[PDB]
*Asks:* 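So that we are looking at the same thing, I have put the structure below in structure tokens.
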Amino acid sequence: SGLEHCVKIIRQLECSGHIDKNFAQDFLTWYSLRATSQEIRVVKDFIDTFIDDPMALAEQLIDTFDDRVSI
């Protein structure tokens, strides 16, 4: 599922150190509970587009979603 895939990549980014623990946890909480269906589609598109570049993915996820994710 979309969530399983999202968790796998987010854990990878955290383990690689491209995102921190707090962002990883906030992001997954947000993605699974608060993200609209349209936002979920955007996350999936980001993940697909940046598949070859985890650092770029991380930076884009932070830039785009940090405000919505962190509270």
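Positions are given from 1 along the sequence. Only heavy atoms go into these numbers, but all of them, side chains included; no hydrogens, no water, no symmetry mates.
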*Asks:* How close do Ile47 and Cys6 get, heavy atom to heavy atom, and via which atoms?
*Replies:* CD1-CA, 4.4 Å
*Asks:* Around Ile51, counting heavy atoms of other residues, nucleotides and ligands shown, do more than 12 lie under 6.0 Å from its CD1?
*Replies:* no
*Asks:* What distance do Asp26 atom CG and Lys21 atom NZ have between them, rounded to the nearest 0.5 Å?
*Replies:* 12.0 Å
*Asks:* Find the distance between OG1 (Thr49) and NZ (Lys44) and round it off to the nearest 0.5 Å.
*Replies:* 9.5 Å
*Asks:* Taking the side chain as every heavy atom from C-beta outward, state whether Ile71 and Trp30 have any pair of such atoms under 4.5 Å apart.
*Replies:* no
*Asks:* Is there a path of hydrophobic side-chain contacts, each under 4.5 Å between heavy atoms of I, L, V, M, F, W or Y residues, that connects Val42 with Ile40?
*Replies:* yes
*Asks:* Once you round to the nearest 0.5 Å, how far does CD1 of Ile10 lie from NE2 of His18?
*Replies:* 12.0 Å
*Asks:* Of the non-hydrogen atoms in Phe65 and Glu39, which two are nearest, and what is the gap between them?
*Replies:* CZ-O, 4.4 Å
*Asks:* Can you measure from CZ (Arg11) to CD1 (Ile19) and round to the nearest 0.5 angstrom?
*Replies:* 11.0 Å
*Asks:* Without swapping roles, check the side chain of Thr64 against the backbone of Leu61 for a donor-acceptor pair under 3.5 Å.
*Replies:* no
*Asks:* Donor-acceptor check, side chain of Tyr31 to backbone of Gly2, threshold 3.5 angstrom: yes or no?
*Replies:* yes
*Asks:* How far apart are the closest heavy atoms of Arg34 and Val69, and which atoms are they?
*Replies:* NH2-O, 3.5 Å
*Asks:* Out of curiosity, does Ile62 fall in the hydrophobic cluster containing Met55 (side-chain heavy atoms, cut-off under 4.5 Å, transitive links)?
*Replies:* no
*Asks:* What orientation do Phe27 and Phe23 show, parallel under 30°, tilted 30 to 60°, or perpendicular over 60°?
*Replies:* tilted
